[PDB]
Structure formats: structure tokens, C-alpha cells
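*Asks:* Okay, handing you the structure first.
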Amino acid sequence: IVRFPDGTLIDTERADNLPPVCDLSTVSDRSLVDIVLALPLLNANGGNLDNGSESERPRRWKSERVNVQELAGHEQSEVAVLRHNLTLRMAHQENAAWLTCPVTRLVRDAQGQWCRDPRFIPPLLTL
Amino acid sequence: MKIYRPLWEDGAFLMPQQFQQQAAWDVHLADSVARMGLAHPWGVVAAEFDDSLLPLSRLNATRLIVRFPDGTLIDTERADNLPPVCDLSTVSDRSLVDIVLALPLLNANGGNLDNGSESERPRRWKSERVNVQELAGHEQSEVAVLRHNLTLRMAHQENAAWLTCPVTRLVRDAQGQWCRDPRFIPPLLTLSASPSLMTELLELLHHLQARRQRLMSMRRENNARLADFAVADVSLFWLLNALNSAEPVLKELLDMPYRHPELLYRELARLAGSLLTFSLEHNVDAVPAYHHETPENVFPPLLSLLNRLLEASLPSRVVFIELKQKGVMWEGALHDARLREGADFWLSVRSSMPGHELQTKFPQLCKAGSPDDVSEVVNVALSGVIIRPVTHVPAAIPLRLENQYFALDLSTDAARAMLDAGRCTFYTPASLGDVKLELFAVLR
Amino acid sequence: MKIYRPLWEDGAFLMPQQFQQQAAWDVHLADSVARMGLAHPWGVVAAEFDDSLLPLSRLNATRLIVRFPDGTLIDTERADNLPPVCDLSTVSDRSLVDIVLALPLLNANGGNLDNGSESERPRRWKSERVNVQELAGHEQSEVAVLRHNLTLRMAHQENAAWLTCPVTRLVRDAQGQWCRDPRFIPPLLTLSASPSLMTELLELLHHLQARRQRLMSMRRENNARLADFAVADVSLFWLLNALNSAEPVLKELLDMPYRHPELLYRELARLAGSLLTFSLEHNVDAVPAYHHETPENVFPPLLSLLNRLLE
Amino acid sequence: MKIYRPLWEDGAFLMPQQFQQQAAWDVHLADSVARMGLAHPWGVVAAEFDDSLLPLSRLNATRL
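Chains as they are written, first to last, in this note's numbering: chain P, 1 to 127; chain F, 1 to 444; chain U, 1 to 311; chain G, 1 to 64.
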């Protein structure tokens with residue numbers, strides 16, 4: 001559950017997804033690996049992603065179809081909702097996406113074992 | 001570039017080069033229409049960025065209607081073209097950086113898009129698939145449209161292969177943040193870009209209307225329906241003629257955007273050409289030339305020249321000089337050598353005597369010291385000075401206060417030795433009381 | 001004529017009669033854009049010749065760009081071929097020949113010319129098969145390119161089913177040789193097409209800046225003369241108002257390439273019209289009316305009117 | 001002002017009063033989440049003028 005400096009709420013209870021990170025052993029080092037969360041910039045004319053029309057500017061919306069019911073009645077049907085697009089990039093790659101927020105910092109053990117270090121501090125909204 | 005327009009009569013196999021060479025000819029024809037009157041290449045219509053992203057440094061554009069020198073139209077609302085986001089974390093030199101929009105050219109033997117190949121030569125075309133509706137009432141299908149391969153680069157990189165036009169300037173702020181100057185101007189096809197320029201040009205005209213209404217009142221202050229026989233009207237009727245013409249011309253241009261700057265440049269070059277005749281020591285070299293390559297100080301000195309012309313007093317005057325000396329014999333300087341033509345003395349003070357006994361209580365009310373070799377008046381005086389107390393005051397002397405005025409007569413030699421000196425002193429040692437002195441020399 | 005628009009309905013096949021109609025419509029759109037700034041039909045952008053074949057009497061060109069009064073543009077750097085070489089042989093004993101370029105008039109029943117076999121009707125649109133394809137990665141195949149059919153008509157060019165536009169004027173030298181005359185140039189869409197005019201207009205302006213200079217050192221050097229009412233100084237203050245005003249507009253227009261010459265005419269007319277009733281006893285009709293369809297016996301007698309006033 | 005909250009069941013059909021009241025209710029939640037902006041009345045965050053029209057005795061704003 002984060003918020004972004006433009007005024008954008010992200011919950012991963014409702015309006016959720018996240019793909020996992022494929023490799024960590026693209027790095028031969030431990031102390032530089034810190035994972036960040038990215039949500040791409042607002043394009044003032046285009047919008048979501050309904051096709052394979054991958055420009056140099058990614059999108060940030062999707063489409064999705066699930067079941068929704070709240071009305072006075074006991075029947076559910078299917079309506080199309082809107083979900084954001086997140087991924088977990090790294091700090092030293094690029095900034096054409098958004099990040100502006102760390103979430104962790106990974107250091108390895110001498111037995112080749114990545115661990116989350118206990119002295120990391122994200123920028124905080126709450127204790 | 002060997003533009004070949006095809007012809008169709010019958011039986012010709014269709015092939016893309018008939019169409020590609022056709023559409024390129026319509027641009028070149030439309031280019032030659034514009035170069036008849038204006039003699040200007042293209043420029044920048046509008047370039048608006050996003051200010052909220054600057055201290056978290058990126059750079060995003062919103063609208064870029066930039067027009068290139070060959071004749072190409074880039075439009076972002078009607079052709080869906082935005083460059084990728086320019087980084088600023090690659091620059092730590094915080095002096096200043098310039099952002100300039102670019103586009104490649106080299107299509108002599110194929111400037112195209114082949115994504116299955118790499119090259120160190122850039123390319124200016126790309127391909128995109130959308131579903132465009134027929135304008136006859138039917139279902140859409142998929143076509144393949146083109147998008148220009150725009151990019152943002154910096155001025156201190158290498159820019160050989162591209163075709164550039166500058167859009168903004170970045171400075172660094174006191175807290176270590178980035179911000180934008182309002183002082184620069186891109187090359188304009190319209191005044192609507194760079195709104196700082198529209199800010200100055202409007203307040204120039206509001207400054208112009210301020211000067212008129214006082215001068216119409218100053219015509220009403222003499223009511224010149226007749227022969228005045230002075231210079232005071234012939235500059236007055238003249239200065240209105242420079243001002244009455246330019247106002248109903250410079251109004252309609254600064255009502256609107258979308259004029260070229262050249263139409264505005266001629267009226268500002270004509271108006272400053274007519275006011276220059278009489279005030280400044282400057283030649284016509286001060287009015288600068290038009291440089292639409294980069295408009296770096298073609299407009300700001302031209303506006304700065306106009307504001308100094310708009311004080312412009314009307315010279316049938318009389319000198320008001322403050323007589324400064326640390327002793328009780330106050331003294332001024334800087335006498336005009338012109339003043340041996342028509343010299344006349346009606347010098348004054350401003351005192352605190354409750355009646356006209358200050359006549360007697362100005363005890364040296366004869367022979368105050370003119371030349372450069374008088375140190376005190378109570379021991380060194382002239383020969384041939386009669387100081388008349390003036391209680392009936394003639395006109396043409398503003399700010400007038402009676403029972404403070406007096407005249408100063410001299411010889412024919414005593415007037416010349418003062419003017420060749422340039423200095424003159426005052427008679428009563430009580431000038432350090434509630435007394436404030438003035439100078440006076442009106443033309444005869 | 002009748003100029004038609006096509007309609008790209010689905011299920012409407014293909015005719016080459018269509019594409020000719022659309023392509024001859026934005027050409028008409030180019031005029032309505034342009035006819036918001038025009039008095040009289042158009043002229044010459046540039047024209048350059050090769051005079052080496054004059055003792056062997058022949059005349060041929062090197063570089064030629066002319067626009068025509070129906071929206072036709074002729075470009076020999078990009079679009080068209082050169083006209084064929086002219087022969088002066090039948091006019092070997094005369095004195096003055098005026099040479100115009102020509103394209104034939106077009107009727108609404110014909111088209112191009114079939115190989116000269118039907119030479120009762122002069123017709124344009126020669127074809128040529130050139131292979132230029134290289135905007136994707138290959139060059140190979142061959143298409144049919146249009147080329148215009150230009151002539152050069154010399155002494156009885158008044159027999160014209162042709163649109164004409166003059167380019168040059170031949171005179172006999174006293175050794176019998178034909179030579180190019182440096183005289184008035186057939187009309188302009190520039191000032192780059194007349195190296196005599198660019199030479200002559202500098203002699204106007206450079207003469208203009210020095211009379212201002214001489215007037216400046218008379219009065220600014222004397223602080224009394226800055227506001228005097230002498231009968232010379234009132235005229236001299238008025239006369240500085242004339243020269244200092246219309247100078248920087250003209251320096252803009254003369255340090256400049258191509259621009260349509262009527263815009264120059266509205267700036268020379270004021271400077272003529274200001275100075276005229278100040279130092280003369282003559283008619284206001286000394287300022288000549290602009291005539292563009294003529295070969296401009298206006299623009300040289302206008303300059304001779306100014307040069308006598310400035311001294 | 002009797003700010004009504006509209007009701008969408010399976011037969012709720014469309015009127016302009018549906019939407020205007022709904023837009024008014026969320027403005028009303030902007031006040032009652034302020035427990036300091038009720039402790040002083042409502043503010044002014046930017047107000048910038050021009051003085052050039054004062055010799056004409058005119059006046060016009062720039063930012064409000």
C-alpha cells in the first residue's frame with residue numbers, strides 16, 4: 001500500500017497485481033541491490049494498453065473483467081474495471097519510468113543467500 | 001532533390017513511388033507560397049512543458065507544435081508525437097543547460113524504419129497500426145500510419161546528423177533545484193509562444209497611453225488655437241504626431257496571436273525611428289536588426305531603448321541648480337555657455353520670515369558675489385549690482401512663492417566673468433536658518 | 001474550367017481520370033492562399049544563361065525557375081528539363097529581339113502530344129522513364145515522369161497559342177555582335193533575379209545614410225540648435241524626421257534575399273511622398289503608378305526621382 | 001440545503017438531479033475532514049496583480 005507524489009493511491013488489496021523479478025544474479029555484487037516500484041508517466045493524449053503497440057513511452061492503465069455485485073438484489077454480473085500497471089525495477093537501471101520510491105534493500109550472505117537487511121528505512125507515511 | 005511528379009493515363013501499374021513523390025511536391029509548392037511575402041523559414045508555434053516534475057528531475061513535454069526549416073509540420077494533437085522523457089541525472093554541471101528538439105535527415109538511399117537492423121545513422125520515419133474509421137459510414141479496419149522519430153537532445157552534445165530548433169533553457173536554483181528562465185525567446189512563428197514577451201509588449205502600450213493624456217491636457221493648458229511663436233508648441237504638436245499614429249496600429253497586432261514577428265518588428269522600427277531625432281546622443285545604430293536565426297536580444301534592447309525615449313522634456317527651460325558650500329556662502333556651478341545669449345536673473349530662496357521685513361533683514365540686499373574669487377560677501381562684493389525685491393511676480397516661473405523673490409542686476413563685464421567662471425555665491429551668512437536656495441537663468 | 005473532386009467510396013474501383021482531378025485542385029488551393037497578397041500575375045524567380053555560343057550564334061540556358069499565372073511552377077533544379085537551344089539565324093539581320101519562354105494553352109479535350117505526329121496543335125506533357133525508388137532499400141523499377149514542353153519564341157511570338165513570360169533582351173553591339181543588355185528586367189517574385197537592381201538599390205541607400213550623417217553633425221554639436229526656431233532649423237528638424245523614420249525599414253528589406261517586390265514599393269512610395277512637397281515646385285504626379293504586367297518602367301524612374309531630391 | 005444522496009438499484013433511471021446532488025455531497029466531505037480549516041475560516045493561497053493600468057485607473061488580475 002503506497003501513494004505516489006502526484007496524488008495516486010496504490011493498494012494491492014483492491015486494484016492489484018505484481019509480476020515477480022526474474023533474476024537477481026545479473027549482479028555480481030550484494031550492496032547495490034535495492035528494489036524500487038515504478039508507475040510510468042502520464043501521457044496527455046494516449047492512455048491505456050490494449051495491444052502490442054509498445055512505444056518508447058509505456059502506458060500505465062490496463063483492462064480487466066471480473067464479477068461485481070452490490071445492488072439491491074442477489075445477482076452478480078461482469079463489468080470491466082480499471083487496474084494500474086506496476087513492476088519492480090532496480091535502482092541503477094534507468095529513470096524513464098517513475099520509481100521515486102524504494103521498498104527494500106537486498107544484501108547477500110556469504111552462502112549466496114540474498115537477505116533483506118534489517119536497517120533499511122523507506123520514506124514513511126506511517127510508523 | 002529531384003522531385004518527379006508522375007502522370008497516369010492508362011495501364012500503369014501502381015507502385016509506391018508515384019504516391020511518395022506526389023505528396024512531397026505539395027509540401028514544396030506550399031513552401032514556395034509562404035516564401036513570397038515573409039522571407040522567413042519556419043519556427044515554434046507553441047511549446048509547453050510540465051513544471052511539477054522538475055525538482056524530482058525528469059522532463060516531460062505536453063504540446064510541441066514546432067516547425068522545421070525545410071517545411072515539415074510537427075503537431076502533437078493531430079499526429080500523436082511525443083518524445084521520450086529526457087533525463088537530467090546525466091548532468092551534474094549545474095551552470096545551465098539548453099534543451100533543443102531534434103530530427104534526423106539522411107534519406108538519400110533509404111531513411112526508413114528497419115527494426116531488424118542497427119545503424120549509427122538515425123532515421124526519421126516509423127510505422128504504427130491503428131484502426132481508422134472510414135468517413136462514409138462504415139466499419140473501420142487496420143492501416144499503417146507514420147510517426148516522426150522525434151527526440152530531445154542537449155546543445156552541448158554533438159548535433160551533426162539532426163535538424164534542430166531550441167525550445168527551452170534550464171537554470172539551477174538556490175536550493176539545488178532546477179527551474180526555467182522566462183527571459184529567453186525561441187524563434188517565433190507566432191507571439192503566443194513565450195508569454196513573457198506578450199507581458200512586456202502589452203505593458204509597453206499601457207505605458208504609451210499614459211503619456212498621451214497628460215500631453216493633451218498640456219495642450220489644454222495653453223489652448224493653442226492660435227500663434228504661439230515658440231519651440232514649446234512645435235515639439236508639442238510634433239510629439240503627438242508620433243504618438244497618435246502608432247497606437248491604432250500597435251493595438252490590433254497585440255490583440256491577437258498568430259501574426260508573424262516581422263509585422264510587429266516594422267512598427268517598432270518605425271516608431272523608434274521617429275522619436276530618435278531629438279533626445280538621444282545615439283545614432284540609428286542603437287535600433288537593432290532582425291535576427292530570426294536566434295532572437296537573442298533583438299526585442300529586449302529595442303524595448304529598453306523605447307522606455308528611455310519616453311521621458312522627453314520640451315526644452316524652453318530654466319536651470320534649477322542647488323547651491324552647495326559647507327560655509328555660509330553657498331555656491332553652485334556648471335553654467336551653460338549658451339546663457340550669454342539671453343541671460344536674466346530671478347534667483348530665489350524659501351525662508352521663514354512672517355512679513356516683508358526680510359527686505360531689511362536680508363542686510364546685504366545689494367552686491368552678492370558672482371565671480372570665482374569671492375569668498376565672503378560681507379567683505380568681497382561687486383560694483384554694479386542692484387538687488388530688487390520682487391513682490392509682483394511675472395509668469396512662466398512654476399512652483400511660485402511670493403515674498404521670497406528678488407532680482408539680480410549686474411554689469412556687462414560682471415556677467416561675463418561669472419559665466420567664464422561658472423560659479424556664484426550668496427550674500428547673507430544666515431543661509432543656515434530656515435532658508436532654501438534656488439538658481440534661475442531664463443532666456444531673453 | 002470545370003475542376004472536380006473525387007470521392008473515395010468503398011466499392012468504387014479505380015480510374016486514372018480521378019487522380020488528375022485531385023492533383024489539379026490543391027494547385028487551385030495554392031492560388032486562393034496566394035491571391036490575398038497580389039495585384040498582377042507572376043514572373044521570374046531566377047534565370048541564368050550561357051553566352052559562349054554568341055559568336056556562333058546560339059543561345060542556351062543554365063538555370064531557370066519561373067512561375068506561371070495559372071499556378072504552374074517550373075523548376076529546372078528539381079522538376080523539369082532545360083529548354084532546347086535557340087537559333088537566331090532567320091533574324092540574323094535585325095537589331096532587337098525580345099525573348100519569352102512559352103508553354104502552350106490547354107484545352108479540355110486533348111492532353112499531351114503524340115510524338116509530333118499531330119503538330120497542328122501545340123501540346124505539353126512530354127514523358128520520360130527514370131528509375132528512382134530508394135526510400136525503402138531498393139531502386140530498381142521504372143515509372144513514367146511528366147516533363148514540360150518549353151520553347152523559346154523570338155521575333156513573331158505574337159502568334160501565340162502560348163502563355164508567355166519574358167526573360168531577356170538582345171541588342172546589337174557596334175561590332176555586330178549580339179550581347180545581353182543590362183536593362184529593365186521582366187517581372188519579379190524576388191530581388192535576387194536582378195543583379196543590376198541589387199547593385200542600384202545599394203547606391204540609393206548608401207547615398208541616403210551619408211546625408212543623414214551630414215545633417216547630424218550640424219545640429220547635435222550645438223545645444224542651442226537642438227530647439228531653435230531658425231527658418232533653416234525648423235525645416236532641418238522636419239527633414240530629420242523624414243530620413244530617420246523610413247531608414248531602418250529599408251535596411252531590413254535590402255539586406256535580405258527574395259521577397260515580393262510590391263512590399264518594397266509601399267516603402268519607397270512614402271519616402272518619395274514625404275520628400276516631394278518639401279523642396280520643389282512640381283507636380284505630385286512625379287510618383288509613378290505601379291504597373292506589374294509591363295516590364296517595369298516604373299522602378300528605374302522612381303529611383304531617378306529620389307536621387308535628385310537627396311541633394 | 002438538504003443535500004440528497006441518490007440511490008442506484010436495478011430500475012433507477014436518469015435525471016439531472018441524480019448527478020448534481022452527488023457532486024454536492026463530496027464537496028461537503030471536503031469541509032468535515034478539516035479540523036483546522038474550520039478553526040480559522042477559508043483561506044487565500046495566491047493573489048497577484050498588475051499595476052500598469054493604474055495611470056488609466058483600470059485594474060485587472062493575473063492569478064486568483
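For each residue, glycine too, the CB sits at the ideal point set by N, CA and C.
Considering only the alpha carbon of each residue, which of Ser351(F), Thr391(F), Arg350(F), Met329(F) lies closest to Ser370(F)?
*Replies:* Along the second sequence, read from residue 1 onward, the residue named residue 370(F) stands at position 370. Ranking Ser351(F), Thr391(F), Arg350(F), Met329(F) by Cα distance to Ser370(F) puts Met329(F) first.
*Asks:* Nearest CA to the CA of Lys62(P): which residue from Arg108(P), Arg119(P), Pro40(P)?
*Replies:* The sequence position of residue 62(P) within the first sequence is 62, counting from 1. It is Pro40(P) whose Cα lies nearest to the Cα of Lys62(P).
*Asks:* Does DSSP classify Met90(P) as helix, strand or coil?
*Replies:* Your numbering for residue 90(P) matches position 90 in the first sequence. Looking at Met90(P) - three-state DSSP - the assignment turns out to be strand.
*Asks:* Can you find a CB in chain P that lies within less than 8 angstroms of the CB of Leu56(F)?
*Replies:* Numbered from its first residue, the second sequence carries residue 56(F) at position 56. Chain P contact via Cβ: present.
*Asks:* Look at the alpha carbon of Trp114(P) and the alpha carbon of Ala61(F), and state the distance between them as a whole number of angstroms.
*Replies:* Stepping through the first sequence from its first residue, residue 114(P) is reached at position 114. Stepping through the second sequence from its first residue, residue 61(F) is reached at position 61. Each residue's alpha carbon lies about 40 angstroms from the other.
*Asks:* What in chain F is Cβ-close to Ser127(U), meaning under 8 angstroms?
*Replies:* In the third sequence, residue 127(U) corresponds to position 127, counting from 1. In chain order: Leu7.
*Asks:* Quick check: the Cα distance between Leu150(F) and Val85(F), rounded to an integer number of angstroms?
*Replies:* As a working note, residue 150(F) is residue 150 in the second sequence. As a working note, residue 85(F) is residue 85 in the second sequence. About 11 angstroms.
*Asks:* Check the Cβ of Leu64(G) against every Cβ in chain F and list those closer than 7 angstroms, keeping chain order.
*Replies:* The residue given as residue 64(G) occupies position 64 in the fourth sequence. By Cβ distance, chain F contributes nothing, its closest Cβ being about 17 angstroms from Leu64(G), past 7 angstroms.
*Asks:* Cα-Cα, which of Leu191(U), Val97(U), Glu134(U) is closest to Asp181(U)?
*Replies:* Counting from one through the third sequence, the residue named residue 181(U) turns up at place 181. Minimum Cα distance to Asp181(U) is reached at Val97(U).
*Asks:* Between the region 303 to 314 of chain F and the region 392 to 403 of chain F, can you find at least three pairs of beta-carbon atoms closer than 8 angstroms?
*Replies:* Taking 8 angstroms as the limit for Cβ pairs, the verdict is that the region 303 to 314 of chain F does not touch the region 392 to 403 of chain F.
*Asks:* In terms of residues, what are the limits of the alpha helix (DSSP H) holding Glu262(F)?
*Replies:* By one-based count along the second sequence, residue 262(F) stands at place 262. Looking at the DSSP string, the run of the alpha helix (DSSP H) that includes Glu262(F) is 261 to 275.
*Asks:* Roughly how many angstroms lie between the CA atoms of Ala230(F) and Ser316(F), to the nearest whole one?
*Replies:* On the second sequence, position 230 is the one that residue 230(F) refers to. On the second sequence, position 316 is the one that residue 316(F) refers to. Roughly 8 angstroms separates the two Cα atoms.
*Asks:* Counting only beta-carbon separations shorter than 8 angstroms, does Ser53(P) have a partner in chain F?
*Replies:* The residue given as residue 53(P) occupies position 53 in the first sequence. True, the Cβ-Cβ gap to chain F drops below 8 angstroms.
*Asks:* Is the region 99 to 110 of chain P in contact with the region 40 to 52 of chain P, if contact means three or more CB pairs nearer than 8 angstroms?
*Replies:* With a cut-off of 8 angstroms, the region 40 to 52 of chain P and the region 99 to 110 of chain P do not count as touching, because too few Cβ pairs lie within range.
*Asks:* Is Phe406(F) helix, strand or coil when you go by DSSP?
*Replies:* Here residue 406(F) is taken as the residue at index 406 of the second sequence, counted from 1. DSSP places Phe406(F) in strand when its eight states are reduced to three.
*Asks:* Beta-carbon within less than 6 angstroms of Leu275(F)'s beta-carbon, same chain only, minus the 5 sequence neighbours each way: which residues are those?
*Replies:* Looking up residue 275(F) in the second sequence gives position 275. Here the set comprises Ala242, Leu309.
*Asks:* If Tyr290(U) and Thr190(U) are in contact, beta carbons under 8 angstroms, what's the gap, nearest whole angstrom?
*Replies:* Here residue 290(U) refers to the residue found at position 290 when the third sequence is read from its first residue. Here residue 190(U) refers to the residue found at position 190 when the third sequence is read from its first residue. 17 angstroms between Cβ atoms; not a contact.
*Asks:* Taking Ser127(F) as part of the beta strand (DSSP E), name the residues at either end of that continuous run.
*Replies:* Indexing the second sequence from 1 puts residue 127(F) at position 127. 125 to 132 is the span of the beta strand (DSSP E), which, as asked, contains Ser127(F).
*Asks:* Express the C-alpha separation of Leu240(U) and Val234(F) in angstroms, rounding to a whole number.
*Replies:* Locating residue 234(F) in the second sequence gives position 234, where the first residue counts as 1. Locating residue 240(U) in the third sequence gives position 240, where the first residue counts as 1. Roughly 14 angstroms between the two C-alpha positions.
*Asks:* Please tell me whether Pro58(P) has its Cβ less than 8 angstroms away from any Cβ of chain F.
*Replies:* Looking up residue 58(P) in the first sequence gives position 58. So, not an interface residue.
*Asks:* Using a Cβ-Cβ cutoff of less than 7 angstroms, which residues in the same chain neighbour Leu202(F) once the five nearest sequence positions on both sides are dropped?
*Replies:* Position 202 of the second sequence, counting from 1, holds the residue named residue 202(F). Taken in chain order, the residues that qualify are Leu254.
*Asks:* What number of angstroms, rounded off, separates the C-alpha of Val45(F) from the C-alpha of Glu293(F)?
*Replies:* Along the second sequence, read from residue 1 onward, the residue named residue 45(F) stands at position 45. Along the second sequence, read from residue 1 onward, the residue named residue 293(F) stands at position 293. In a straight line, the C-alpha of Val45(F) is about 15 angstroms away from that of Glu293(F).
*Asks:* So which residues of chain P does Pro104(F) contact, with C-beta pairs closer than 7 angstroms?
*Replies:* Position 104 of the second sequence, counted from the first residue, corresponds to residue 104(F). Here the premise fails: no neighbours, minimum Cβ distance about 15 angstroms.
*Asks:* Output yes or no for whether 8 angstroms exceeds the beta carbon distance between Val143(U) and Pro6(F).
*Replies:* The residue given as residue 143(U) occupies position 143 in the third sequence. The residue given as residue 6(F) occupies position 6 in the second sequence. Yes, Cβ-Cβ distance for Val143(U) and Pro6(F) is below 8 angstroms.
*Asks:* Strictly below 7 angstroms CB to CB, what residues from chain P border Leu170(F)?
*Replies:* As a first step, residue 170(F) must be located in the second sequence, where it is residue number 170. Result: empty, since nearest Cβ-Cβ is about 17 angstroms, beyond 7 angstroms.
*Asks:* Between which two residues does the beta strand (DSSP E) holding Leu73(U) run?
*Replies:* Taking the third sequence and counting its residues from 1, the one referred to as residue 73(U) is at position 73. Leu73(U) -> beta strand (DSSP E) spans 72 to 75.
*Asks:* If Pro363(F) and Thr277(F) are in contact, beta carbons under 8 angstroms, what's the gap, nearest whole angstrom?
*Replies:* In the second sequence, residue 363(F) corresponds to position 363, counting from 1. In the second sequence, residue 277(F) corresponds to position 277, counting from 1. Not a contact, Cβ separation roughly 51 angstroms.
*Asks:* Less than 6 angstroms between C-beta atoms, sequence neighbours within five positions excluded: which residues of the same chain meet that for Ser194(F)?
*Replies:* Translated into positions along the second sequence, residue 194(F) becomes position 194. Result list for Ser194(F): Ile185, in chain order.
*Asks:* Whole alpha helix (DSSP H) runs in the region 281 to 317 of chain F with 4 or more residues, listed along the chain?
*Replies:* Listed in chain order, they are 300 to 309.
*Asks:* Residues in the region 256 to 269 of chain U with C-beta within 8 angstroms of chain F's C-beta atoms, listed in sequence order?
*Replies:* Listed by position along the chain: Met256, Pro257, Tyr258, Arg259, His260, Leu263.
*Asks:* Note down the Cα distance separating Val66(U) from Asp50(F), rounded to an integer number of angstroms.
*Replies:* Reading the third sequence from its first residue, position 66 is the one you call residue 66(U). Reading the second sequence from its first residue, position 50 is the one you call residue 50(F). Distance between the alpha carbons of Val66(U) and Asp50(F): 48 angstroms.
*Asks:* Which value, in whole angstroms, describes the spacing of the CA atoms of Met1(F) and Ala161(U)?
*Replies:* Position 1 of the second sequence holds residue 1(F). Position 161 of the third sequence holds residue 161(U). Those two C-alpha atoms are separated by around 33 angstroms.
*Asks:* If we cut at 8 angstroms on Cβ distances, does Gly73(P) have a partner in chain G?
*Replies:* Locating residue 73(P) in the first sequence gives position 73, where the first residue counts as 1. Taking Cβ atoms only, chain G reaches closer than 8 angstroms to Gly73(P), which makes this a yes.
*Asks:* Chain P beta carbons: is any one of them nearer than 8 angstroms to that of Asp26(G)?
*Replies:* As a first step, residue 26(G) must be located in the fourth sequence, where it is residue number 26. So, not an interface residue.
*Asks:* How would you write the range of the alpha helix (DSSP H) that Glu203(F) sits in, first residue to last?
*Replies:* Looking up residue 203(F) in the second sequence gives position 203. Element bounds for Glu203(F): 195 to 219.
*Asks:* Grab me the residues of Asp80(U)'s own chain with a C-beta within less than 7 angstroms of its C-beta, minus the 5 sequence neighbours each way, in chain order.
*Replies:* For this step, residue 80(U) is matched to residue 80 along the third sequence. Correct list, in chain order: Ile74, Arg147, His148.
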